[PDB]
Number of protein chains: 2
Amino acid sequence: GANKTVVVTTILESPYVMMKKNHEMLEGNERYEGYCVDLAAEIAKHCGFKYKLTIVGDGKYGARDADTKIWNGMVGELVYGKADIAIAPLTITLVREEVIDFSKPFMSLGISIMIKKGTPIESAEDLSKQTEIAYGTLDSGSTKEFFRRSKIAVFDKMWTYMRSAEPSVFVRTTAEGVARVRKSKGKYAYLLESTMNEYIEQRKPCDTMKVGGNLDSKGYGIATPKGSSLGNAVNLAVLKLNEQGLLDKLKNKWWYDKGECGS
Amino acid sequence: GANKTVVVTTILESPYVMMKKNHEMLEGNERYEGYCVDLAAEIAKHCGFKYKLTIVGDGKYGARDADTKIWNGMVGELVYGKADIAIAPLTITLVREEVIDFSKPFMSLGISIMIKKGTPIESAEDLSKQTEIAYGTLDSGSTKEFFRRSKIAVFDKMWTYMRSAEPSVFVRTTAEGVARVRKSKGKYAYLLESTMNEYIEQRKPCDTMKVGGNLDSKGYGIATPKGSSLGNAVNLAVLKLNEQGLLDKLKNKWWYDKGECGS
Ligand SMILES: N[C@@H](Cn1c2c(c(=O)[nH]c1=O)CNC2)C(=O)O
Ligand SMILES: N[C@@H](Cn1c2c(c(=O)[nH]c1=O)CNC2)C(=O)O
Ligand SMILES: [Cl-]
Ligand SMILES: [Cl-]
Ligand SMILES: [Cl-]
Ligand SMILES: [Cl-]
Ligand SMILES: [N+]
Ligand SMILES: [N+]
């Protein structure tokens, strides 16, 4: 059949996808800006397709309910055919790779610790040994799942702590986790992907810091339904953009070129 | 048909694959040790196959001759059906991904600079602006090809320098590049994968250093012939080993646990 416009699913998460300040004046894909907006355009240019950016209906990345076996989030949109491709800060994981296809990584990352400046914490082990400084994750997604599933002693101890800590240590959004770090006078540390930690460290009021080594070594990938023809071309496009240096330029653009916390 | 023993191709490169000191007493896969030997065993355990380790006949990673269109190295062994899987420090690249399949990365790496301690160089830009300190790469493989193909101004200038520098700045093996750094009194710097640089920095006589940021962000992958059934299972195995923390333990084992240059 004839070519059809490709339906892209993504999520509003700065600096990946944001509504432009003047979005009300605009229409279609032009309403949005960010790293993943630019990445989508570069992939589409290389692969020769037209596309429509859509925002995932349920605000989730992708997990399977143990009872109903239903997949939610952007992964679910692909599984059920509601989108053709997901272009987002979506972690490549085994359980997702069993049900959708991922490109090779377009970013590298790992779980990391965000502190308010001056907090006396340098590592996950430091957090795990104490309770005065509370710590947690998003309430959905791969960071939470890392702790829930870990059999590594330190991380399993951290999960047991997080499940039982009061008040709740989980947050609904990145913005909520960052604000909680900023408002808690050093008594909350936030476990989040290193990419996001690095971005926030260069945002005013310049009161957060990434500390410690990353806890793991993962990647974000572009996702397509299993067996999708688009998958081969998109994978090769990611590799080409990486090899040309364009992914490095794009991260610099959205993370550092307009950093707010000095040179 | 019945299951058959899987033919693995690999390459002798420390610390990935080495003949054991007592190899003459041993036979079969037990003759070898290293990171990729252990990785092969872990993948085979998870996927449930028996295998034979073989050493790539031509000593190469994988490139295509522009005239004959023939693929050499471990990639070629897969393309031509002489091996079933390659388990080695083999970089995921676009041109290889067009002809073979790669798992998701089992290691992350980028091109990096090795100096003799005390050499007044901190970056690729520093190298590119001068000629007193000579610099080069392996004479085959992805590091050389990065420079040959780069359209980035600094790296293209470095390639033009390397092609014309005298005496030749290229080396045949990692051991030769390391020895050249060690023997050249600061007048040779070696461009090599960060993984190898990190390994050598913890080897006696403890006279080399990794300097500067990495020039790129890549991965090593396990390779199979295009469309091979083994590919899906091996990809999921890599993801599982990563998610269990086993790849991190394996790098620590072969890089740092017996490092020779202190704690
Ligand atoms: N990439 C994850 C989702 N996610 C994200 C952040 C995080 O700190 N933790 C997390 O889990 C920050 N941006 C996305 C997934 O794919 O579930
Ligand atoms: N991974 C490369 C081969 N290679 C290697 C090293 C290097 O410094 N440069 C390079 O090119 C060190 N160990 C392998 C490929 O796949 O061609
Ligand atoms: Cl259409
Ligand atoms: Cl927004
Ligand atoms: Cl057999
Ligand atoms: Cl050896
Ligand atoms: N997949
Ligand atoms: N491939």
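Residues numbered from 1 in each chain as written, not as in the entry; some residues may be left out. Chains lettered and ligands numbered in written order. Heavy atoms only, no water. Residues with missing side-chain atoms left out of burial classes, pairs and counts.

- Structure determination for this entry, per the PDB record, employed X-ray crystallography and reached 1.2000 Å resolution.

- Under the annotation held in the PDB entry, chain A carries the name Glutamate receptor 2,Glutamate receptor 2 and is attributed to Rattus norvegicus.
- Under its PDB record, the entry appears with the title "Structure of the AMPA receptor GluA2o ligand-binding domain (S1S2J) in complex with the compound ( S) - 1- [2'-Amino-2'-carboxyethyl]-5 ,7- dihydropyrrolo[3,4-d]pyrimidin-2,4(1H,3H)-dione at resolution 1.20A".

Quick notes on the UniProt feature "disulfide bond" in chain A
- The disulfide annotated by UniProt between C206 of chain A and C261 of chain A is present in this model, the sulfur-sulfur separation being 2.0 Å. Of this pair, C206 of chain A sits in the loop between α8 (194–201) and β11 (208–211) while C261 of chain A sits in the segment after α10 (246–255), and the two are 55 residues apart along the sequence. (Disulfide = S-S within 2.5 Å. UniProt positions renumbered as here; feature names shortened; annotations may be inferred. Helix = DSSP H or I, 4+ residues; strand = E, 2+ residues; numbered from the N terminus.)

Topic: the site of ligand 2
Residue and element names in this part refer to chain B.
- Of all residues adjacent to ligand 2, which total 14 residues, the nearest are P89, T91, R96, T143 and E193.
- The side chain of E13 places a nitrogen or oxygen atom 3.0 Å from a nitrogen atom of ligand 2.
- For ligand 2, a nitrogen atom lies 2.8 Å from a polar atom in the backbone of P89.
- Every element with two or more residues in the shell around ligand 2 is listed here: α5 (142–149) and β10 (188–193). (Near = heavy atom within 4 Å. Polar contact = N/O pair within 3.5 Å; in protein donor to acceptor, adjacent residues only side chain to side chain.)

Side note on the UniProt feature "binding site: L-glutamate" in chain A
Residue and element names in this part refer to chain A.
- As recorded in UniProt, the feature "binding site: L-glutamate" lies at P89, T91, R96, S142, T143 and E193.
- Mapped onto the fold, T91 is located in the loop between β5 (85–86) and α3 (94–97).
- Overall, the relative accessible area of 2% leaves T91 in the buried class.
- Given a relative accessible area of 12%, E193 falls into the buried group.
- Those residues in contact with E193 that lie beyond four places of it in its chain are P89, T91, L109, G110, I111, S112, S142, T143 and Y220. (Buried < 20%, exposed > 50% of the residue type's maximum accessible area, 1.4 Å probe, protein only. Contact = heavy atoms within 4.5 Å.)

A short note on the pairing of strand β1 (residues 6–10) of chain A
Residue and element names in this part refer to chain A.
- Most of β1 is tucked away, with 4 of its 5 residues classed as buried.
- Of the strand pairs in this sheet, β1 and β5 are connected by 2 bridges, and their pairing is parallel. Counted as the bridge partner of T9 is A86 from β5. (Pairing = 2+ DSSP bridges.)

Focus: the state of the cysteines
All names here are of chain A.
- In total, this model carries 2 disulfides over all chains according to the counting rule given.
- Here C206 connects covalently by a disulfide to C261, the sulfurs 2.0 Å from one another. With the S-S bond torsion at -90°, the cross-link from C206 to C261 turns out left-handed.
- Residue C261 is classed as partly exposed on the basis of its relative accessible area of 28%.

Structural notes on the site of ligand 1
Residue and element names in this part refer to chain A.
- Near ligand 1 lie 14 residues; those nearest to it are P89, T91, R96, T143 and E193.
- One of the backbone N or O atoms of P89 is found 2.8 Å from a nitrogen atom in ligand 1.
- A distance of 2.9 Å separates a nitrogen atom of ligand 1 from a polar atom in the side chain of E193.
- When isolated, ligand 1 has an accessible area of 390 Å², and the protein chains bury 100% of it.
- For the shell around ligand 1, the elements supplying multiple residues, two or more each, are α5 (142–149) and β10 (188–193).
- Along the lines of polarity and charge, the residues of the shell around ligand 1 split into 7 nonpolar, 4 polar and 3 charged. (Areas by Shrake-Rupley, 256 points an atom, 1.4 Å probe, with all protein chains shown as cover. Nonpolar A, V, L, I, M, F, W, Y, C, P; charged D, E, K, R; others polar.)

Here we look at the sheet that holds β10 of chain B
All names here are of chain B.
- Overall, mixed pairing links the 4 strands, which are arranged β9-β10-β8-β11 in an open sheet. With partners counted over all chains shown, the strands left at the sheet margins are β9 (134–136) and β11 (208–211), one partner each. Adjacent strand axes in the sheet meet at a mean angle of 30° when their direction is disregarded.
- Sheet topology places strand β8 (residues 111–116) next to β11; 4 bridges connect them, and they run antiparallel. Bridging from a neighbouring strand, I113 pairs with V211 of β11. (Axes fitted to C-alpha atoms, helices over the stretch in contact; angles between N-to-C directions.)

Digging into the interface of chain A and chain B
- Listed by partner, the interface residues are 20 residues for chain A and 20 residues for chain B.
- Secondary-structure elements contributing two or more residues to the side of chain A that touches chain B are α3, α9 (230–243) and α10 of chain A.
- When residues in the side of chain A that touches chain B are grouped by element, the largest group, 6 residues, is from α9 of chain A.
- Residues that form the side of chain A that touches chain B fall into these classes: 7 nonpolar, 6 polar and 7 charged.

Quick look at the relation of the copies chain A and chain B
- Superposing chain A onto chain B takes a rotation of 180° combined with a translation of 0.0 Å along the rotation axis, leaving an RMSD of 0.0 Å. With respect to symmetry, the two chain copies, as superposed, fit the operation of a two-fold axis. Across chain A, the rotation axis passes nearest the C-alpha of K104 of chain A, at a separation of 3.2 Å. (Least-squares fit on C-alpha atoms.)

Describing the pattern of salt bridges
- Enumeration over the complete set of coordinates arrives at 14 salt bridges over all chains.
- Across the pair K218 of chain B and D216 of chain B runs a salt bridge, and its minimum N-O distance is 2.8 Å. Comparing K218 of chain B with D216 of chain B, the two get one shared label, buried.
- Through salt bridges that share partners, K116, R182 and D207 of chain A make up one connected network. (Salt bridge = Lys/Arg side-chain N within 4 Å of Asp/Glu carboxyl O.)

Quick notes on the pairing of β10 of chain B
All names here are of chain B.
- In terms of residue burial, β10 counts as a mostly covered element, since 6 of its 6 residues are buried.
- Sheet topology note: the β8/β10 ladder contains 4 bridges and is antiparallel. Opposite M114, over in β10, you have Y190 as the bridge partner.
- With 3 bridges joining them, β9 and β10 adopt parallel strand pairing.

Some points on the environment of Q130 of chain B
Residues and elements named next belong to chain B.
- In this fold, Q130 is placed in the loop between α4 (124–128) and β9.
- Residue class for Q130 comes out buried when judged on its relative accessible area of 19%.
- There is a polar contact of 3.1 Å between the side chain of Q130 and the backbone oxygen of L127.

What to know about a nonpolar patch on the surface
Residue and element names in this part refer to chain A.
- Where nonpolar side chains cluster on the molecular surface, the patch consists of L12, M19 and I55 and spans about 220 Å² of accessible area.
- Residue placement: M19 occurs in strand β2 (residues 18–19).
- The exposure class of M19 is partly exposed, given its relative accessible area of 36%. (Patch = residues over 30% accessible without salt bridge, like charges linked within 9 Å, V, L, I, M, F, W, Y side chains within 5 Å.)

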